[PDB]
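In case you want the letters, here they are:
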Amino acid sequence: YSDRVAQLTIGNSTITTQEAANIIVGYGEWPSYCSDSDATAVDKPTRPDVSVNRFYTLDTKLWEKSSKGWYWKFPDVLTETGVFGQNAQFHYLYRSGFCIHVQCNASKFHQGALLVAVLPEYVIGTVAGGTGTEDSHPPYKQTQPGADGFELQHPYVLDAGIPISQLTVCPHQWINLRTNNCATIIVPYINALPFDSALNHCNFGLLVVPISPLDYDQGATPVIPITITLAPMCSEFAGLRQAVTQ
Amino acid sequence: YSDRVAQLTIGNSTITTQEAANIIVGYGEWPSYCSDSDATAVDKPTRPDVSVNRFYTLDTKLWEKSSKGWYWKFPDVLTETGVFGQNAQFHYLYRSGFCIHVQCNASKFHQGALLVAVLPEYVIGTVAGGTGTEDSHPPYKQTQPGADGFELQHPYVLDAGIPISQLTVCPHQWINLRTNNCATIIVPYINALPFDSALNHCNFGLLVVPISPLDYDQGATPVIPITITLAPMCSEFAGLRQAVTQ
Amino acid sequence: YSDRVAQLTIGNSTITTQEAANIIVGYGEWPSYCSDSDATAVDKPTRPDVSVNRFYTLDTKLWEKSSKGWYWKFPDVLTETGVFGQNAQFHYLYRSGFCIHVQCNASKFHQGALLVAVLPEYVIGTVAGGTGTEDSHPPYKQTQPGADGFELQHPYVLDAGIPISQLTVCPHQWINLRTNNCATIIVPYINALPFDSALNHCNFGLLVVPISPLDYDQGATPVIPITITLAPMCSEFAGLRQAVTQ
Amino acid sequence: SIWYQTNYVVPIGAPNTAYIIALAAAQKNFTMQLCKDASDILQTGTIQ
Amino acid sequence: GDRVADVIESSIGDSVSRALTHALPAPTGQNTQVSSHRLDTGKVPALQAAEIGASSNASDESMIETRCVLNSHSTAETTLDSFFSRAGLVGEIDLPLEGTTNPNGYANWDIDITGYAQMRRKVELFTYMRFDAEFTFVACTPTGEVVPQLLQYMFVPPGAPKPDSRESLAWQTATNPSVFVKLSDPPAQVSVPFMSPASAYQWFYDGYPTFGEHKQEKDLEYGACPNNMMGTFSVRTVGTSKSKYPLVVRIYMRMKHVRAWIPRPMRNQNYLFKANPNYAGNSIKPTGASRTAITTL
Amino acid sequence: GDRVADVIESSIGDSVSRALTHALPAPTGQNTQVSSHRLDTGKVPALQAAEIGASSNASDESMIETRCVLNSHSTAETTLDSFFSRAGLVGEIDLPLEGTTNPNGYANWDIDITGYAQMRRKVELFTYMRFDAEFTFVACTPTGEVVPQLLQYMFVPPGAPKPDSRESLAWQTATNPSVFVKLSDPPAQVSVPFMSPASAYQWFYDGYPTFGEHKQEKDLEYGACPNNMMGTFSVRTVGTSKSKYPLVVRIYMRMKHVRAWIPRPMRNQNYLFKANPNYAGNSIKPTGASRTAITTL
Amino acid sequence: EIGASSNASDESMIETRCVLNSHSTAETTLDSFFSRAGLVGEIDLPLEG
Amino acid sequence: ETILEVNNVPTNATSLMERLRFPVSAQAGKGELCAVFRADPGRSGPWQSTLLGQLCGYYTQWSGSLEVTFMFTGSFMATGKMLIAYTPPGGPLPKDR
Ligand SMILES: CCCCCCCCCCCCC/C=C/[C@H](O)[C@H](N)CO
Ligand SMILES: CCCCCCCCCCCCC/C=C/[C@H](O)[C@H](N)CO
């Protein structure tokens with residue numbers, strides 16, 4: 001038995017890792033299907049299981065020596081991907097937790113540390129005209145970037161007035177290049193409602209941001225990519241209609 | 001209790017009828033999920049249930065006083081329709097039976113009789129160059145018409161050398177305008193395999209063809225439409241991949 | 001046993017019908033004689049039974065293709081009719097429920113739907129001088145029309161500011177020409193008093209009004225009459241005096 | 001939304017056009033929770 | 001509660017096919033019970049609705065006063081085994097000395113039951129069939145003469161090396177079955193098991209075997225299920241010098257342990273091609289004979 | 001068998017949320033057990049991996065020789081109820097005699113807790129909160145003077161008729177709550193239940209409330225959850241002739257029966273707008289004070 | 001035509017899940033609907049009018 | 001149950017009674033749209049004719065299934081089959097059947 005060697009099998013997907021930290025269970029609470037006492041919709045939901053509950057590789061950013069960090073908004077990342085997104089479009093109501101496996105590996109002569117974090121209801125603010133006298137709002141491509149994700153305007157402030165200096169409150173996991181090469185976060189369905197639109201509302205936001213900068217000598221590898229992988233758990237859909245998008 | 005008044009509720013769909021014949025159970029055998037002794041694929045299939053198991057209204061032909069009759073090939077009819085077709089595209093293996101509810105109503109001063117029939121493995125042949133000396137083959141739009149369906153070249157011969165004179169062998173149901181106004185056929189998964197492609201292979205074919213011609217005096221309604229409705233039962237999908245079409 | 005075939009025998013009267021809807025019991029409460037705990041008058045009332053408890057045919061309106069609908073006020077309809085009205089005149093106090101059998105039949109090639117409704121305390125208002133600046137009041141012939149009844153000024157507004165759009169609250173029954181040919185309403189004595197004058201006060205009002213207009217082609221019958229029939233149930237009279245009228 | 005599944009079919013001596021009446025109410029799992037004033041007040045400007 | 005109820009009750013995954021009807025034994029034809037007159041209201045057997053899709057349930061005992069008949073007529077002759085255990089012509093292989101056809105005493109025949117209408121139509125009555133087979137090989141000259149020649153029949157399953165010569169290296173037959181017969185000997189006969197990857201052979205495949213686009217090129221592969229394409233059949237001379245006699249080999253198939261499944265209407269038009277239900281369009285014939293008037297015989 | 005096994009075993013529909021941790025009672029602060037020296041190999045508390053995502057489990061008893069401490073320090077002051085049961089400023093309503101602001105003695109205030117940083121930041125520590133409320137209304141003149149005026153506060157829930165006049169017909173209050181106070185009387189105080197359609201109020205809605213396209217027009221509605229938009233608040237004079245005094249009404253909110261859920265980092269930038277986390281981009285400030293060098297104090 | 005409301009329940013019109021409904025009906029009672037003080041009169045006593 | 005005013009035409013305050021009913025006729029086509037309305041009970045305006053609509057007007061919050069019953073008032077000789085679709089939140093007006 002060991003702590004750093006792990007394997008994650010969901011549906012027909014499988015992730016292996018030999019240099020990891022222990023798995024974080026979000027808020028000390030495993031993802032679950034919705035009870036008959038929490039639910040309110042009378043429709044009999046579809047629980048497609050294997051077809052949608054599986055790992056998805058959606059993006060791969062290049063961690064350069066001077067990067068501000070990126071973020072993704074869930075579950076807008078999958079809405080056009082796979083047979084999960086198909087159910088999320090034909091339906092009004094959706095419910096699921098995720099199994100995020102951020103991954104980034106380098107040599108032993110590289111250094112740097114990422115900060116993987118899952119911040120629920122990550123509302124994004126705008127630079128108010130530089131001076132503070134403009135009630136502007138972010139475009140659709142900033143609040144719902146989707147596949148490619150979005151680069152932070154400023155990383156210190158989390159583009160919302162809140163400090164990254166205390167982001168390790170909500171479920172997080174560091175990727176420190178000298179110890180681990182991947183992070184794994186399991187979150188349950190975090191919402192005040194038993195179901196939600198999945199298109200309009202975004203349950204949380206994945207914040208992949210470096211705090212200690214990537215550095216390396218004149219070695220033989222300067223291209224160090226971070227890759228994002230996720231997998232819906234206990235997925236439920238209700239309120240069937242026509243195919244609707246963004 | 002009565003025999004002609006019926007109601008068919010599947011998923012979030014519901015069909016009512018007051019002037020029907022009794023329901024036909026195909027080959028005296030209710031549709032069922034695949035056993036662990038018939039199956040051979042080791043994949044854990046998705047059984048999406050409600051989302052895909054529901055009624056679909058896909059076409060409505062106009063029964064004119066001189067029509068040869070039409071046909072549809074299952075399950076190519078739904079491949080681009082609903083969240084059923086989505087599963088049928090992302091997957092390699094598929095399994096389901098159907099609940100076909102052909103419907104056509106007129107007055108009491110109209111006359112005519114349709115013949116609804118479910119012919120398994122309805123392979124279509126071509127007029128061999130008129131003379132018989134040409135091994136031509138039907139186009140894709142004839143063997144896999146899909147949504148709109150296809151009008152028979154010749155109805156006597158069923159475009160395959162076989163006679164319509166004995167089509168009432170396979171599960172059928174007449175729509176005689178002076179008694180019923182709808183037909184209902186429930187078929188199970190009819191195949192020598194536990195699963196099949198759903199895109200390449202077509203389990204059966206629905207043959208809606210009039211034998212006694214529609215007729216009416218100079219009344220106030222000459223537009224008499226036949227409408228096709230179907231609903232997948234016990235749907236299973238396996239062998240997940242990318243979205244593939246025709 | 002059947003639901004649409006009914007027969008109503010009271011006293012020496014008898015109504016038959018073969019194309020009806022089920023009987024409505026007013027407010028889910030059968031008409032009854034007044035208890036010794038509800039009553040307050042010390043007089044020993046007369047309960048004439050058969051002589052007054054029987055069907056009365058009082059009017060027959062002609063349902064034309066463009067009619068606003070009519071109404072009657074109970075129990076002013078019988079006050080001059082039969083031996084019921086005699087008791088209602090010689091006495092001060094009266095108590096009874098009714099069995100209203102509105103009836104109207106046409107062919108199978110006619111169409112239209114009536115709305116029979118029993119609205120308790122149907123107080124009638126006036127068009128306030130067209131502009132709203134006149135506190136005029138309805139004549140006696142409008143609030144107490146009696147035998148022939150009264151045609152609505154406006155049917156949308158029920159001549160009282162209230163909408164016919166929600167008249168189906170109080171005990172009602174539709175007469176839809178393609179299904180039924182008669183309506184039947186049984187009401188109990190609806191009042192805050194155990195007895196009342198029967199001349200001054202009117203317990204309720206029968207509202208016979210078409211919502212879907214009568215229509216027919218150039219057939220062989222354009223004269224379609226609606227006929228009103230009613231029958232007092234559990235009739236009681238007290239406070240005997242001389243014969244007094246309107 | 002309301003679509004024609006097939007057609008409105010009539011014999012020779014009957015109307016080509018008919019009417020449909022829609023009635024509406026709540027199911028038995030229906031509840032209400034917070035008391036507001038009527039969306040529209042019916043007075044302009046003083047009564048009597 | 002725990003867990004959710006719509007999963008507990010849910011009939012998802014129900015394995016057994018719910019049978020609406022069970023099979024009863026019928027060794028003899030049905031016997032006929034005695035009948036008497038009946039003048040009643042409500043009991044009416046003769047009146048039925050064909051719209052339903054069912055056959056007439058009206059029995060002869062209720063349509064006419066009948067006597068008693070102890071029917072002992074056997075139904076054995078009408079079984080799938082005793083109907084298909086009839087050897088029929090399924091192939092004719094020609095080995096002429098010199099002609100347009102195969103001139104080197106080696107012929108290859110991709111195994112196709114069809115191409116001979118009588119055996120075809122009988123078989124085409126059902127859509128799916130599963131059976132073991134008994135093949136017989138009759139060899140002679142085009143005149144029917146028996147000559148002292150030595151043939152070699154070889155079964156070449158899908159993927160096995162096909163002979164490209166009269167003296168090909170594939171005739172070593174280190175694995176795939178082959179038979180060595182003289183024409184002097186009586187017809188060679190071989191029993192064959194059911195060897196489809198599917199549970200049954202298909203006489204009809206309503207689809208394509210390949211994926212992708214189906215343009216007018218790959219349109220001839222419509223109706224091609226490889227599950228009942230059991231390979232090719234090859235004959236030798238044997239070598240090494242060319243034969244001295246013209247030869248004809250006829251293949252006969254007998255079915256045993258037969259199990260057909262779903263019934264099919266019966267061909268009424270001339271067969272024109274193998275594995276393809278094409279028909280002459282201008283020469284469309286009625287299914288049977290015709291008369292001059294419906295009021296005459 | 002029957003039915004299929006992958007349905008029988010399948011954990012689909014598992015209702016209860018599997019708890020990785022249960023709550024223990026902590027009335028007092030944790031006591032400290034005595035500790036001694038330890039010189040061993042393998043037992044190493046101080047060494048930990050922050051990468052994991054967990055906080056230091058290393059206890060002070062294993063980092064330094066400790067004495068015994070019977071800790072009886074209460075943790076009651078640090079509870080959600082005793083932290084939020086503090087009435088704070090949440091609104092200021094102005095009714096001047098003549099100005100740019102409301103000049104007819106009727107003001108409408110769509111109920112927004114934010115717009116006052118101190119009460120906001122304290123509340124913005126959590127993402128979801130569920131609570132009953134106790135509202136207090138302080139009325140006076142802009143100088144703080146108490147004058148003989150009679151106000152009418154009216155709660156106008158979503159969809160109810162908003163007053164468009166000082167003497168509007170909506171002030172009949174036949175259903176929606178309203179309060180009649182004199183300025184002579186002490187502050188009016190009212191208890192308010194949790195009335196969101198959701199299980200909790202949200203200080204953050206990461207999404208749009210409407211469907212369709214979200215162009216630069218309907219882009220200001222991002223972050224607008226109507227579930228914690230509890231309607232508008234209206235004040236009267238009362239009518240019918242205009243008031244004689246300038247008036248100011250201050251609204252104070254006290255929370256009771258509080259239940260917050262998921263924690264959030266704490267604002268370090270100046271609030272600029274209501275229901276909107278915008279910030280001055282060129283004036284980005286550090287979360288705390290700063291010094292000249294890391295090697296000096 | 002009968003005069004009755006639709007007896008058709010949602011369980012027979014669509015495949016439904018289980019819902020333990022605990023929504024209270026107290027707010028919708030005659031006492032809790034009418035225990036709301038409303039304006040019913042305005043009496044004027046002007047100096048001269 | 002009470003009348004759902006799906007037909008909205010104030011013209012001309014005399015033909016107000018037409019507001020209580022659908023026009024349905026012998027369409028000489030396939031699957032033509034008949035009528036359409038919002039399912040929102042407290043919203044304007046078809047539900048505003050119903051007793052439920054006004055009673056809902058005295059309450060800000062509601063919950064539960066609703067029932068809309070359609071009665072056909074044609075002749076007995078008139079027949080017909082019609083689809084009636086409920087499209088949950090999200091998604092636009094269904095362009096075709
Ligand atoms: C020693 C030689 C033995 C040869 C063994 C051959 C056995 C083949 C069994 C018959 C398989 C079914 C025949 C094929 C079906 C039809 O001809 C076409 N495929 C119709 O599409
Ligand atoms: C007599 C008047 C009583 C007024 C009752 C009002 C109670 C409202 C409870 C507070 C609801 C949450 C406040 C709103 C949240 C924030 O201000 C913004 N919506 C943030 O987006």
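Residues numbered from 1 in each chain as written, not as in the entry; some residues may be left out. Chains lettered and ligands numbered in written order. Part of a larger assembly, values for the part shown. Heavy atoms only, no water.

Going by the header, the method for this PDB entry is X-ray crystallography, and the resolution given is 3.3063 Å.

K.L.:
Could you clarify how one ought to interpret the overall build of chain H in this entry?
P.N.:
From N to C terminus, chain H includes 1 helix and 6 strands. Scanning chain H from its N terminus toward the C terminus, one meets helices and strands in the order β-β-β-α-β-β-β. If one aligns the C-alpha atoms of chain H with their principal axes, the spans along those axes are about 45 × 35 × 25 Å. By the burial criterion, 47% of the 97 residues in chain H qualify as buried. Intrachain contacts of chain H at a sequence separation of at least 6 include 44% that bridge at least 24 residues. Positive and negative charge centroids in chain H, built from 8 and 7 side chains respectively, lie 7 Å apart. (Helix = DSSP H or I, 4+ residues; strand = E, 2+ residues; numbered from the N terminus. Buried < 20%, exposed > 50% of the residue type's maximum accessible area, 1.4 Å probe, protein only. Contact = heavy atoms within 4.5 Å. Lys, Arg positive; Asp, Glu negative; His and termini not counted. Charge placed at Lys NZ, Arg CZ, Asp CG, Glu CD.)

K.L.:
Quick question: what am I supposed to make of the site of ligand 2 here?
P.N.:
All names here are of chain F. Taken together, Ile-111, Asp-112, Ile-113, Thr-114, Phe-135, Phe-155, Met-195, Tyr-201, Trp-203, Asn-228, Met-230 and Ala-275 are the residues near ligand 2. Between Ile-113 and ligand 2, the recorded distance is 3.0 Å, taken from a backbone N or O atom to an oxygen atom. If ligand 2 stood free it would expose 610 Å²; the protein chains cover 92% of that surface. Grouping the amino acids of the shell around ligand 2 by side-chain chemistry returns 9 nonpolar, 2 polar and 1 charged. (Near = heavy atom within 4 Å. Polar contact = N/O pair within 3.5 Å; in protein donor to acceptor, adjacent residues only side chain to side chain. Areas by Shrake-Rupley, 256 points an atom, 1.4 Å probe, with all protein chains shown as cover. Nonpolar A, V, L, I, M, F, W, Y, C, P; charged D, E, K, R; others polar.)

K.L.:
So what exactly am I meant to see when it comes to unusual backbone geometry here?
P.N.:
Comment: phi is negative for the bulk of residues other than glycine, and the bulk of peptide bonds are trans. With an omega of 0°, the peptide bond running from A:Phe74 to A:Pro75 counts as cis. Take A:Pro75: it is sitting in the loop between strand 4 (70-74) and helix 1 (82-90). Put simply, E:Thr237 and E:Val238 share a cis peptide bond, and its omega is 0°. Structurally, E:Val238 can be placed in the loop between strand 8 (232-235) and strand 9 (247-260). Positive phi is not limited to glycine here, since A:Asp159 has a value of about 55°. With respect to the helices and strands, the residue A:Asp159 is situated in the loop between strand 7 (150-151) and strand 8 (172-176). Within the chain, F:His257 stands out as a residue other than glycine whose phi angle is a positive 55°.

K.L.:
When you look at the sheet that holds strand 6 (residues 111-120) of chain A in this model, what are you seeing that I'm missing?
P.N.:
Sheet strands pair via backbone hydrogen bonds, and the direction of the pair is either parallel or antiparallel. All names here are of chain A. Pairing is antiparallel in the open sheet, where 5 strands are placed in the order 7-4-10-6-8. Every interior strand has two partners, whereas the edge strands, strand 7 and strand 8, have only one. Where strand 4 meets strand 7, 2 bridges bridge the pair, whose relative direction is antiparallel. Along strand 7, the bridge assignment pairs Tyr-71 with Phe-150. (Pairing = 2+ DSSP bridges.)

K.L.:
Help me understand the arrangement of the chains in this model?
P.N.:
At the level of C-alpha atoms, the two units chain C and chain E stay apart, their nearest approach being 17 Å. Chain H makes no contact with chain E, the minimum C-alpha separation between the two being 19 Å.

K.L.:
Teacher, can you tell me more about the interface of chain A and chain F here?
P.N.:
Interfaces are often sized by the amount of accessible area the parts lose when they come together. Contacts between chain A and chain F engage 68 residues on the former and 57 residues on the latter. Carbon and sulfur atoms make up 58% of the surface buried where chain A meets chain F, a total of about 5200 Å² over both sides. Its largest share of buried area at the contact with chain F, chain A owes to A:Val123, A:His137 and A:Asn200, together 13% of the area lost on that side. Across the contact surface, chain A and chain F share 1 salt bridge. The shortest N-O distance in the salt bridge between F:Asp206 and A:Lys73 comes to 2.9 Å. Counting the contacts that link chain A with chain F gives 27 residue pairs in polar contact. Mapped onto the side of chain A that touches chain F, the elements with two or more residues apiece are strand 6, helix 2 (140-143) and strand 8 of chain A. The leading source of residues in the side of chain A that touches chain F is strand 8 of chain A, at 4 residues. Residue composition of the side of chain A that touches chain F, by class: 30 nonpolar, 28 polar and 10 charged. (Buried area = accessible area lost by both parts, 1.4 Å probe. Salt bridge = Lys/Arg side-chain N within 4 Å of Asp/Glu carboxyl O.)

K.L.:
Sorry, what's going on with the sheet that holds strand 5 (residues 178-182) of chain F here?
P.N.:
Residues and elements named next belong to chain F. Taken together, the 4 strands give an open sheet; going across it, the order is 2-8-4-5, and neighbouring strands pair in antiparallel fashion. Of all the strands in the sheet, the pair left with one neighbour each is strand 2 (107-110) and strand 5. Ignoring which end each strand starts from, the neighbouring axes of this sheet average 20° apart. Pairing geometry for strand 4 (residues 150-156) and strand 8 (residues 232-235), over 4 bridges, is antiparallel. (Axes fitted to C-alpha atoms, helices over the stretch in contact; angles between N-to-C directions.)

K.L.:
Explain helix 1 of chain A to me, please; I cannot follow it from the model alone.
P.N.:
Given 3.6 residues per turn, any residue in an α-helix points the same way as the ones three and four places further on. Among the 9 residues in helix 1 of chain A, 8 count as buried, and that is most of the element. Taken as a whole, helix 1 of chain A has its buried residues at A:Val83, A:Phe84, A:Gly85, A:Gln86, A:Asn87, A:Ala88, A:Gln89 and A:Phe90. Where helix 1 of chain A is buried, its residues touch strand 3 (56-62), strand 5 (91-100) and strand 12 (232-240) of chain A together with helix 1 (82-90) of chain B.

K.L.:
Would you take a moment to explain the pairing of strand 11 (residues 225-230) of chain C for this structure?
P.N.:
The two faces of the sheet receive side chains in turn, since in a regular strand these alternate between them. Residues and elements named next belong to chain C. Among the 6 residues of strand 11, 5 are classified as buried, and the element is accordingly described as predominantly covered. Bridge analysis of strand 3 (residues 56-62) against strand 11 gives 6 bridges, and the strand direction is antiparallel. Its bridge partner lying in strand 11, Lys-61 is registered against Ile-226.

K.L.:
Looking at this model, I keep getting lost on the state of the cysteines. Mind explaining?
P.N.:
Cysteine pairs can be covalently joined through their sulfur atoms, and such a bond is termed a disulfide. Counted according to the given criterion, the structure contains 0 disulfides over all chains. The thiol of B:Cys99 is unpaired, and the distance to the nearest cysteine sulfur, on B:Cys182, comes to 11 Å. Not engaged in a disulfide, the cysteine C:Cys34 finds its nearest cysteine sulfur in C:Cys234; these two sulfurs lie 11 Å apart. We classify C:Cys34 as buried; its relative accessible area is 11%. (Disulfide = S-S within 2.5 Å.)

K.L.:
Whenever I open this one, the packing of aromatic side chains confuses me. Can you help?
P.N.:
The relative placement of two aromatic rings is captured by the distance of their centres and the angle of their planes. With the rule as written, the count across this model stands at 61 aromatic pairs over all chains. Here F:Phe131 and F:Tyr201 contribute two aromatic rings whose centre-to-centre distance is 5.1 Å and whose plane-to-plane angle is 65°, an arrangement assigned as edge-to-face. Placement of F:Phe131 in strand 3 (residues 128-140) and of F:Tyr201 in strand 7 (residues 201-202) is noted, with a sequence separation of 70 residues between them. With 4.9 Å between their ring centres and 25° between their planes, F:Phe137 and F:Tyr153 make a pair best called stacked. Of this pair, F:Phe137 sits in strand 3 while F:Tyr153 sits in strand 4, placing them 16 residues apart in sequence. Overall, F:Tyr153 belongs to the buried group, its relative accessible area being 4%. In this structure, A:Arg241 is placed above the aromatic ring of F:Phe211, and the distance from its NZ or CZ to the ring centre is 5.6 Å. One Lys or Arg, B:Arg54, reaches over the ring of B:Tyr56 and ends 4.9 Å from the middle of that ring. (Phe/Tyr/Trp six-rings, centres within 6.5 Å; stacked < 30°, edge-to-face > 60°. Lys NZ or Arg CZ within 6 Å of the ring centre and 35° of its normal.)

K.L.:
Would you take a moment to explain the site of ligand 1 for this structure?
P.N.:
All names here are of chain E. Inspection of the region around ligand 1 gives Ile-111, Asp-112, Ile-113, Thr-114, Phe-135, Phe-155, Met-195, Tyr-201, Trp-203, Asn-228, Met-230 and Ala-275 as its neighbouring residues. Contact distances for ligand 1 include 2.2 Å between an oxygen atom and a side-chain N or O atom of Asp-112. In this structure, an oxygen atom belonging to ligand 1 sits 3.0 Å away from a main-chain N or O atom of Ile-113. Protein burial of ligand 1: of its 600 Å² of free accessible surface, 91% is covered by the chains.

K.L.:
Looking at this structure, how should I read the nonpolar core?
P.N.:
Nonpolar side chains in soluble globular proteins generally cluster together in the buried interior. In this structure, A:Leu167, F:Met129, F:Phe131, F:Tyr153, F:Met253 and F:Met255 are the most contacted members of the largest nonpolar core, which totals 58 residues. Of the residues forming this core, the biggest block, 7 residues, is contributed by strand 9 (residues 247-260) of chain F. Apart from the residues within four sequence positions on either side, F:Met129 is in contact with F:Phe84, F:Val123, F:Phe194, F:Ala200, F:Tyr201, F:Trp203, F:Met255, F:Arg259, F:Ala260 and F:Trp261. Among the nonpolar cores identified, the runner-up in size contains 56 residues, and B:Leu158, B:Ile164, E:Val123 and E:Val235 belong to it. (Core = buried A, V, L, I, M, F, W, Y, C linked by side-chain atoms within 4.5 Å.)

K.L.:
Would you mind showing me how to read the pattern of salt bridges here?
P.N.:
A side chain of one charge can pair with a side chain of the opposite charge when the charged atoms of the two come close. Under the defined criterion, the tally for this structure stands at 38 salt bridges over all chains. A salt bridge links E:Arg250 to E:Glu92, with the nearest nitrogen and oxygen atoms 3.8 Å apart. In this pair, E:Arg250 sits in strand 9 while E:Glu92 sits in strand 1 (residues 88-95), placing the two residues 158 residues apart along the sequence. Counted as one network, the salt bridges with shared partners bring together A:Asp36, A:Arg47, A:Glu236, E:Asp6 and G:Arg17.

K.L.:
What's the story with the packing of helix 1 of chain A against helix 1 of chain B in this structure? I'm lost.
P.N.:
What describes two packed helices is the angle between their axes and the distance between those same axes. The interhelical angle for the contact between helix 1 of chain A and helix 1 of chain B, taken along N-to-C directions, is 175°, at an axis separation of 10 Å. Viewed along their axes, helix 1 of chain A and helix 1 of chain B adopt a mutual orientation that is roughly antiparallel. Residues A:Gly82, A:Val83, A:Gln86, A:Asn87 and A:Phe90 of helix 1 of chain A form the contact with helix 1 of chain B, whose own contacting residues are B:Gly82, B:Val83, B:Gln86, B:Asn87 and B:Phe90. Considering only residue class, the contact of helix 1 of chain A with helix 1 of chain B consists of 4 nonpolar, 6 polar and no charged. (Parallel < 35°, antiparallel > 145°, perpendicular 65-115°, else oblique.)

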